[PDB]
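Trainee: Supplied in structure tokens, the structure appears directly below.
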Protein chains: 4
Amino acid sequence: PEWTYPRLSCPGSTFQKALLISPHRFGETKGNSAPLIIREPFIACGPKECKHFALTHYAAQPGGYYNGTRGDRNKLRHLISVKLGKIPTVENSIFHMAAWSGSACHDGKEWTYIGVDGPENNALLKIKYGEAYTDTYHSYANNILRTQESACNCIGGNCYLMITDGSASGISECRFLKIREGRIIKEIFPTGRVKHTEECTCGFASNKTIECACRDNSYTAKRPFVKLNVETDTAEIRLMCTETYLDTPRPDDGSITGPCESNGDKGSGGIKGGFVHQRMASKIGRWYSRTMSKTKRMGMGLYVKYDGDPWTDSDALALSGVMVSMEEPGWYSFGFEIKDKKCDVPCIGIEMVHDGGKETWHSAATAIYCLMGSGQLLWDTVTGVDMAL
Amino acid sequence: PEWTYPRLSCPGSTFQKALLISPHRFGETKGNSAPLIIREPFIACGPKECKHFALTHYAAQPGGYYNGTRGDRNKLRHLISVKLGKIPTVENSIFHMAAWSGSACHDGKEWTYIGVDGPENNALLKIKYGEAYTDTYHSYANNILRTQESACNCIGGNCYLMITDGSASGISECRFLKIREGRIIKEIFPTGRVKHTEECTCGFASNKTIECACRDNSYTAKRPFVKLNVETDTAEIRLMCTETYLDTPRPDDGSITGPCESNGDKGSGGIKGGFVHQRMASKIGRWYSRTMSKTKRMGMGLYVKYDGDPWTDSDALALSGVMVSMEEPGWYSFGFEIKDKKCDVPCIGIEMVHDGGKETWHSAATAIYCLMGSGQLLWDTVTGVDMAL
Amino acid sequence: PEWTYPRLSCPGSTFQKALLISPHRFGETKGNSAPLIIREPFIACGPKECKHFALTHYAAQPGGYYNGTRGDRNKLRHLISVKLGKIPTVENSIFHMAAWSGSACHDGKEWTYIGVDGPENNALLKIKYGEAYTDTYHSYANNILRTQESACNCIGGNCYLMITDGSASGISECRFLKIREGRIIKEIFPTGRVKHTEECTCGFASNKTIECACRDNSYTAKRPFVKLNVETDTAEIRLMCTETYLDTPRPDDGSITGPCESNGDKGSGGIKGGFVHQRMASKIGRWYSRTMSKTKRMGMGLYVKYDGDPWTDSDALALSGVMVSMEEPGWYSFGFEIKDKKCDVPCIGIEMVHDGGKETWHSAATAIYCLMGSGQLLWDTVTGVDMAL
Amino acid sequence: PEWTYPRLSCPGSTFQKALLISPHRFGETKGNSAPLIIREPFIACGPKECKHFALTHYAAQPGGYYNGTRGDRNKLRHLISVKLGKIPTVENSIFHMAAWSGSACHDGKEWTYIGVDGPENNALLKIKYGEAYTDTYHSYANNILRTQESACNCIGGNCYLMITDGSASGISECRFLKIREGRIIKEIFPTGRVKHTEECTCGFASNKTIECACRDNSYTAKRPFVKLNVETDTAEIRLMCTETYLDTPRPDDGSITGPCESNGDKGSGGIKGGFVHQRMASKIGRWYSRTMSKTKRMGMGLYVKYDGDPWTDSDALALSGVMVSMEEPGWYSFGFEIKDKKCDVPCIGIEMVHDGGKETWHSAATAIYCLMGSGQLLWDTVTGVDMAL
Ligand SMILES: CCC(CC)O[C@@H]1C=C(C(=O)O)C[C@H](N)[C@H]1NC(C)=O
Ligand SMILES: CCC(CC)O[C@@H]1C=C(C(=O)O)C[C@H](N)[C@H]1NC(C)=O
Ligand SMILES: CCC(CC)O[C@@H]1C=C(C(=O)O)C[C@H](N)[C@H]1NC(C)=O
Ligand SMILES: CCC(CC)O[C@@H]1C=C(C(=O)O)C[C@H](N)[C@H]1NC(C)=O
Ligand SMILES: *[C@@H]1O[C@H](CO)[C@@H](O)[C@H](O)[C@H]1NC(C)=O
Ligand SMILES: *[C@@H]1O[C@H](CO)[C@@H](O)[C@H](O)[C@H]1NC(C)=O
Ligand SMILES: *[C@@H]1O[C@H](CO)[C@@H](O)[C@H](O)[C@H]1NC(C)=O
Ligand SMILES: *[C@@H]1O[C@H](CO)[C@@H](O)[C@H](O)[C@H]1NC(C)=O
Ligand SMILES: [Ca+2]
Ligand SMILES: [Ca+2]
Ligand SMILES: [Ca+2]
Ligand SMILES: [Ca+2]
Ligand SMILES: [Y+3]
């Protein structure tokens, strides 16, 4: 085997509904299954297999450790995986490492797994290459060192990973790590709008450039948009100029007055957002998702734009279809690419959390839409789950 | 590995009882298992493995989502598989894609999986090659785009698949897709009796010809019998002329008066029907199955005829044996071929549904009969399942 | 890969306790597991893997299909397997074929699986090579066609299998089948004492000879002892002359008066009995087991004799150790050989049935003793199972 | 494949928290899982996989055989394994052999599994190579023949294994076995302080030397420290001279007066103790663990020393971090090494037993710390388990 590289995307002009992973369809009192209580799911693929990752609270439904599964960082939290298509239950899953923030990626030869844990004021990112623990990176703003919550991206054996550190309601200047066979070989300090950037959903815009659509949890409902040159290992960041604000909460589209850099209103709070690339011979499509509701983690819609500079185009994004209706949950979303024989298939997954407050369990299903065929996005996704069962 | 082709069938002159997959033997209140609630089971094999496919309601027994498992098309429905011989439970199964109509096939190199979902008036057939979503085909009569509910058939890397679209009580003109590495490369429009054809059970009658025995749900209890030339990609369809009507409901054998094309009576309603080929040096056997009851989905008998043209022979089909007695359920049946070292073993599977009305769960067992040895078919199959447990 | 042959056994002069497979340790009401209800367990090994076979009633503990699991031949009965060392539960097992009597063996290249089902008066032995159903053999005395209930034996790709047919309290003249790549290529009709022989535990005494220790259920408590020449495909059968009667029930050792052929008393009833070969350069050891009790299926002892002719030696068999004490069940026992890198390891397995009458469940554990090291057999085996749980 | 040898350790200067295997997070009355009741866990790795071993009581939680799971040696006890990262439940585990004391190791080509069972006064160590039972070694001081309770160590296909025999409150002179392809090829009788030595945690200090840190249960709270030359097959043993006594119970550090050989006080009782090597070009680090409490099996601290002779250095060991706080259980600990592509990753596992007295169940979680990155050990481990559930 040899190193993997981004290829031209597979033919198609529309996303369609692909697969639902709803493991809680199986966590009834009256049932006999043990789906793991998770959140922050995400898929990463290699040349032969696609793995469905998530952060588990080390509990199952039905269980007796529902208390604290609405929290985020504890000492029991773990990065787990199953082959995509398998229900992530206690026995099906494999536990990779302790983590309350995670990522993973295949480089053609082997899986890199990333997972941050540690105290809040001195957390610690850890890297595992296949079976071996290989490296770590230390907290630099001493306020909750975090990572992508989605797939990292490897080119010629170099995996690139966003990490961030800083306040949730103040400065969270992010960084990128360059990782080779599990070991950190460069710190890349981005330039530009670096005020606050977290949970980058990165993908290859081409062999030269990784682009990421991130979360600002303090200042704006515009997504910070990262452009990384993987040949000079240089990174720049500016807000997305589009009127189609992709964060949640957000104000009305086009209502943020001023040039492309204006913050301005409803910018505190946020949400991880889907983003994936469709690479064609002489054209690039940028697919995105955002909640159907402006203030709440309900529904998910798919948007798209072809070419241009996202840093300057105020043009509205083309609404492509309703993936999760306003009546269903749509929490985190993320991009990934399945590898066909000679081309890459761009997909967007959606974390569809089952939220009943802190007095019960708290987990998520996963909805997957992929680029397949021509025409219009046809069907929405439901979890099917009743949380009283 | 190289592409697969139909071979001469293994020696034998009789079917025998081979295997029972009854996963609800294990879904008792008192038990500790989770068989998946399914219907439309079907088996397809490649050179080293036979996979047992079904359409699941994304529910298990015992569970709490029995309501709606007597329906057919919903947003939770999925194509699932296990290795044939494994009980399809929550953890053993792999979920392939969202589907309320399905098919699958191996071409020598890889698995093609076919699944239709979407709204009733604009459904959408989707194709997955191994792990990648590769292609789609759109609704053309805007009334419930359907596929085979059984194995597709690949020759020299070209998989051929029946699709139909149309009213259940009127015109449902079918089509064939020719699929190569997961992508559609030709639409084949059949000629002749094309009034209504659905759920074709197709097999290779040879290296030149796919033949299918199908359902007409409107007009006749004679099966539409499709002959597809895979060298010119041309398809012709006519009713089976035999007095041994294979659909359900049906009238008395021989009682449909007139030439081979006469409809005539009890033609509305139907059932998917077993059919598999026994290819000998200079002789072809055609094995079929049909319910033991004339109006109900009870029992299943095996029939056979050697040579001739099914389009013209009114000759009764030879009753070969009672596979499932009149006292047991016999719903859908389908054909498939296991690959021995140097020859192909023709088999017929039987969907044996556990029907207790819409106020309880609704799933199926799977009975398998294969061509093995000489003599007379010896033993019938029972599910052993009591639905009250 | 190439065909397998018997080799010289591994160094050692004593059996020791190896492994217990007691799946019902896990079938409590208060538990969350589903061990399969079985009987007639047996192990067969190939060059990389040892498989643990059993006949299942298609039920689990805890379940609701306990009624009829004390019977033997029904329509739900199946041959199942797990990798030796795995608990045979619903999900771990693979179902091979419908069978109420079975056997299996590896030939170096692939698994042959044998299973008889069918009506009592016209049962049917079926053969499956890997995934394919390949051949069948018909009932010849129209009274319960049966097979070994243990591993068949393959040499240079020819697997040899005892089958019997006939009354349980009268004549049951056995036969041997010679099987190549799943197909029957010769019927071998044994000569000599052929009055009644069933459940042969066969092994290779060398490259030229298969020997079997069998059950007579009518006439004697001496084991019929089969010697098969695999070079001329000829079989001969005579009672075992030893005073150490291996059947159950049996009279006192040495109390059957007359020459080696005398029946005489307590001969009706019987039990399948362990037997395995230790092949050394210029010496052959014959290891056997028999119940600790003379009339009941309680306890199991290991016996041994080096060289001689079992057909003529009235010498007592050397008592080698107590494998299951008189307080624990010892039902069927069987021999098998694990393959080390350059030598074969002879083993004896013991079916330890959990019997509580027909008003509850009826299954078995499996105790394994193998040839390992020097000295005296050290420890006995218990199921650990309380049947009220 | 070829034989494996100790390599230079991977870069790093600190241990960090890696993974928690807490299978009882899933053994609630309210749940639907079956973790196995175990103790004496330990990990051993080969070139592609790390296996998590334990000694099971052949019972699960929840279940009905909690009585006797606080004992140690019974006839049901087994050596079991899962792939490290998998929860050891009934179905995930593989049962290797009956054992109430165990070890295992990869040699580059295959797994050796070691397991002692038998009566107290004539126990029996058994060896299995892959699938085959290959050899045994007999009790020599007729008082509980014991082995390491952790990974053996293979160099050039020779696996070396500590065994001990003797009273728990008197003389237990240990021995080493040298095992090749599952067969014993040399007995090594150590010299020096051989009064009492059990449960050696051995690793390669280099290509020439295995070193072990062991338990004296009678005489001292200093660990016996074994140095084995694998080129001349000679072993020597002396107390560790450090003031940082690693056993439990123990007195105050430095308070044992006299030279390096002084016993003296609180020496009865003991605990198996973590110990792993960090091999650098021209420097060796020795990492150890010991309970946070002086008398109780509570907490676990990581210690380290670079170079010197542990037989003579009274220097205090460097306290490196708190792995399990005083509030959590810290029973047995052990060392092991994961294999990265070109270097070995030293790790220390911690048995974190759930002890509620003999009137309830008794099993353990497993905490893993590995050498990864630079800086200070950052986070402690908790089981998360409430034993009332
Ligand atoms: C750390 C700040 C960040 C934004 C508030 O918290 C995230 C919000 C979450 C959320 O908004 O869904 C869930 C994440 N588990 C959480 N992250 C971590 C690493 O704990
Ligand atoms: C669309 C009508 C058609 C036959 C009239 O429905 C089928 C009948 C069924 C049946 O005849 O058993 C069950 C099938 N699950 C169903 N098909 C779909 C695709 O939903
Ligand atoms: C045909 C009778 C014969 C001996 C009495 O049968 C065996 C007896 C049995 C027994 O004595 O345990 C159990 C076996 N399952 C049984 N075989 C069948 C095929 O039913
Ligand atoms: C035999 C003496 C030894 C030290 C007292 O006992 C050990 C005590 C234990 C303990 O002290 O944790 C657990 C061990 N499972 C047990 N050993 C065996 C091999 O059965
Ligand atoms: C990227 O580079 C590799 C060669 O290194 C090439 O095979 C691949 O086609 C290129 N990808 C794109 C998207 O051009
Ligand atoms: C079909 O063609 C292939 C060669 O392409 C051949 O190997 C096979 O035997 C043929 N099958 C039949 C049924 O004639
Ligand atoms: C049996 O024959 C084969 C060669 O065909 C040989 O390799 C093997 O050692 C022989 N077995 C015995 C037990 O002599
Ligand atoms: C040990 O020896 C082998 C060669 O046999 C070598 O490859 C390896 O690097 C050596 N290990 C150390 C720690 O020096
Ligand atoms: Ca925001
Ligand atoms: Ca009809
Ligand atoms: Ca008898
Ligand atoms: Ca001590
Ligand atoms: Y399970």
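Letters A, B, ... go to the chains of the structure tokens in the order shown; residues in each chain start at 1; ligands are counted from 1 in the same order.
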With only C-alpha atoms and all ligand atoms counted and 8 Å as the cut-off, give the residues of chain B in contact with ligand 10, each with its shortest interatomic distance in Å and the pair that gives it, as a tab-separated table.

Mentor:
```
residue	atom	partner	partner_atom_place_in_ligand_line	distance
B:215	CA	ligand 10	1 (Ca)	6.6
B:216	CA	ligand 10	1 (Ca)	4.9
B:217	CA	ligand 10	1 (Ca)	4.4
B:218	CA	ligand 10	1 (Ca)	5.8
B:219	CA	ligand 10	1 (Ca)	6.1
B:220	CA	ligand 10	1 (Ca)	4.8
B:221	CA	ligand 10	1 (Ca)	4.2
B:222	CA	ligand 10	1 (Ca)	7.1
B:223	CA	ligand 10	1 (Ca)	7.9
B:247	CA	ligand 10	1 (Ca)	5.8
B:248	CA	ligand 10	1 (Ca)	6.2
B:249	CA	ligand 10	1 (Ca)	6.2
B:250	CA	ligand 10	1 (Ca)	7.0
B:266	CA	ligand 10	1 (Ca)	6.8
B:267	CA	ligand 10	1 (Ca)	3.9
B:268	CA	ligand 10	1 (Ca)	4.5
B:269	CA	ligand 10	1 (Ca)	4.5
B:270	CA	ligand 10	1 (Ca)	4.0
B:271	CA	ligand 10	1 (Ca)	7.3
```

Trainee: Can you write just those residues out, C-alpha atoms, as a compact mmCIF listing (two decimals), in the first residue's frame?

Mentor:
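So selection.txt came out as:
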```txt
# COMPACT_ATOMS: atom_id res chain seq x y z
CA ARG B 215 -45.72 -10.64 -10.90
CA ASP B 216 -48.71 -9.09 -12.58
CA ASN B 217 -50.79 -7.53 -9.80
CA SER B 218 -53.67 -6.38 -12.07
CA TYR B 219 -54.56 -8.56 -14.98
CA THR B 220 -53.57 -12.24 -14.83
CA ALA B 221 -52.45 -15.08 -12.52
CA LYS B 222 -50.04 -16.23 -15.21
CA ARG B 223 -46.53 -15.01 -14.47
CA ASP B 247 -49.30 -16.54 -9.06
CA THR B 248 -51.47 -16.04 -5.96
CA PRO B 249 -54.39 -15.67 -6.10
CA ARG B 250 -55.08 -17.90 -9.09
CA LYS B 266 -58.60 -13.83 -10.64
CA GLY B 267 -55.68 -11.79 -12.01
CA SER B 268 -55.68 -8.90 -9.52
CA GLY B 269 -53.42 -9.34 -6.51
CA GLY B 270 -50.20 -11.34 -6.78
CA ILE B 271 -47.02 -12.62 -5.20
```

Trainee: Which residues form the shell of 7 Å around ligand 13 when you count only C-alpha atoms and all ligand atoms, given as a ChimeraX atom specification?

Mentor: /A:91 /B:91 /C:91 /D:91

Trainee: Could you list, as a PyMOL selection string, every residue of chain D that has an atom within 8 Å of an atom of chain A, counting only C-alpha atoms?

Mentor: chain D and resi 10+12+17-20+25-26+28+30-33+48-50+85-87+89+92+338-340+345+370-374+378-384+389

Trainee: List all protein, DNA and RNA residues that have any atom at most 8 Å from ligand 1, counting only C-alpha atoms and all ligand atoms, and write the list as a ChimeraX atom specification.

Mentor: /A:39-40,71-73,100-101,144-147,167-169,198,217,269-272,331-332

Trainee: As an exercise, work out the distance from CA of residue 297 (chain D) to CA of residue 330 (chain D) in Å and give it to one decimal place.

Mentor: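 Atom-to-atom, CA of residue 297 (chain D) to CA of residue 330 (chain D), that is 5.1 Å.
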
Trainee: Give me, please, the distance in Å between CA of residue 312 (chain B) and CA of residue 239 (chain B), quoted to one decimal.

Mentor: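 CA of residue 239 (chain B) lies 9.0 Å from CA of residue 312 (chain B).
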
Trainee: Residues within 6 Å of ligand 6 should be enumerated using only C-alpha atoms and all ligand atoms and returned as a compact mmCIF listing (two decimals) with N, CA, C and O atoms, in the first residue's frame.

Mentor:
```
# COMPACT_ATOMS: atom_id res chain seq x y z
N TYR B 5 -19.23 -15.47 -14.42
CA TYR B 5 -20.16 -15.84 -15.52
C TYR B 5 -20.98 -17.01 -15.03
O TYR B 5 -20.52 -17.75 -14.20
N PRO B 6 -22.20 -17.20 -15.53
CA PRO B 6 -22.92 -18.44 -15.19
C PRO B 6 -22.19 -19.68 -15.69
O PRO B 6 -21.72 -19.69 -16.84
N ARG B 7 -22.11 -20.71 -14.85
CA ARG B 7 -21.55 -22.01 -15.25
C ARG B 7 -22.62 -23.09 -15.39
O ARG B 7 -23.81 -22.84 -15.11
N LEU B 8 -22.20 -24.27 -15.86
CA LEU B 8 -23.05 -25.47 -15.82
C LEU B 8 -23.41 -25.77 -14.37
O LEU B 8 -22.55 -25.68 -13.50
N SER B 206 -28.48 -19.06 -19.56
CA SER B 206 -27.22 -19.38 -20.21
C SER B 206 -26.36 -18.13 -20.27
O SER B 206 -26.73 -17.11 -19.67
N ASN B 207 -25.23 -18.21 -20.98
CA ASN B 207 -24.34 -17.06 -21.17
C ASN B 207 -24.97 -15.99 -22.06
O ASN B 207 -24.51 -14.84 -22.04
```

Trainee: Could you list, as a PyMOL selection string, all protein and nucleic acid residues with an atom at most 12 Å from ligand 8, counting only C-alpha atoms and all ligand atoms?

Mentor: chain D and resi 2-10+154-157+203-210+230+277-284+342-344

Trainee: For CA of residue 102 (chain C) and CA of residue 364 (chain C), determine how far apart the two atoms are, in Å to one decimal place.

Mentor: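 According to the coordinates, CA of residue 102 (chain C) and CA of residue 364 (chain C) are separated by 16.0 Å.
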
Trainee: Please identify all polymer residues within 8 Å of residue 237 (chain C), counting only C-alpha atoms, omitting same-chain residues fewer than 5 positions from it, and present them as a ChimeraX atom specification.

Mentor: /C:190-194,224-227

Trainee: Residue 200 (chain B): which residues within 6 Å, counting only C-alpha atoms, same-chain residues fewer than 6 positions away excluded, as JSON, numbers by chain?

Mentor: {"B": [148, 212, 213, 214]}

Trainee: Could the residues in this selection be saved with N, CA and C atoms as an mmCIF file, in the first residue's frame?

Mentor:
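Output file selection.cif is given in full below:
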```
data_model
loop_
_atom_site.group_PDB
_atom_site.id
_atom_site.type_symbol
_atom_site.label_atom_id
_atom_site.label_comp_id
_atom_site.auth_asym_id
_atom_site.auth_seq_id
_atom_site.Cartn_x
_atom_site.Cartn_y
_atom_site.Cartn_z
ATOM 1 N N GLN B 148 -36.477 -5.561 -7.863
ATOM 2 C CA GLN B 148 -36.761 -7.029 -7.901
ATOM 3 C C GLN B 148 -37.149 -7.687 -6.592
ATOM 4 N N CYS B 212 -36.700 -14.237 -16.562
ATOM 5 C CA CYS B 212 -37.317 -13.863 -15.300
ATOM 6 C C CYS B 212 -38.755 -14.311 -15.246
ATOM 7 N N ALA B 213 -39.213 -14.699 -14.064
ATOM 8 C CA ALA B 213 -40.626 -14.989 -13.811
ATOM 9 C C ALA B 213 -41.162 -13.933 -12.828
ATOM 10 N N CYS B 214 -42.196 -13.189 -13.244
ATOM 11 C CA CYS B 214 -42.555 -11.955 -12.568
ATOM 12 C C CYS B 214 -43.994 -11.943 -12.074
#
```

Trainee: Please identify all polymer residues within 9 Å of residue 276 (chain C), counting only C-alpha atoms, omitting same-chain residues fewer than 6 positions from it, and present them as a ChimeraX atom specification.

Mentor: /C:201-205,212,285-288,334-337,346-348

Trainee: Go ahead and write the residues just picked, C-alpha atoms, as a PDB file, in the first residue's frame.

Mentor:
```
ATOM      1  CA  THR C 201     -15.879 -42.483  16.906  1.00  0.00           C
ATOM      2  CA  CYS C 202     -13.279 -42.911  14.166  1.00  0.00           C
ATOM      3  CA  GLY C 203      -9.636 -41.729  13.907  1.00  0.00           C
ATOM      4  CA  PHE C 204      -6.502 -42.538  11.885  1.00  0.00           C
ATOM      5  CA  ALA C 205      -4.512 -45.287  13.426  1.00  0.00           C
ATOM      6  CA  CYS C 212     -13.611 -46.717  15.045  1.00  0.00           C
ATOM      7  CA  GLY C 285      -1.653 -45.826  21.903  1.00  0.00           C
ATOM      8  CA  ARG C 286      -5.414 -46.142  21.980  1.00  0.00           C
ATOM      9  CA  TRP C 287      -7.152 -43.799  24.376  1.00  0.00           C
ATOM     10  CA  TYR C 288     -10.755 -44.413  25.368  1.00  0.00           C
ATOM     11  CA  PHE C 334     -15.760 -38.168  21.121  1.00  0.00           C
ATOM     12  CA  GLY C 335     -12.155 -37.908  19.873  1.00  0.00           C
ATOM     13  CA  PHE C 336     -10.361 -35.266  17.785  1.00  0.00           C
ATOM     14  CA  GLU C 337      -6.930 -33.942  16.922  1.00  0.00           C
ATOM     15  CA  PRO C 346      -4.988 -36.175  20.277  1.00  0.00           C
ATOM     16  CA  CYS C 347      -7.932 -35.023  22.442  1.00  0.00           C
ATOM     17  CA  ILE C 348     -11.130 -36.353  23.943  1.00  0.00           C
TER      18      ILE C 348
END
```
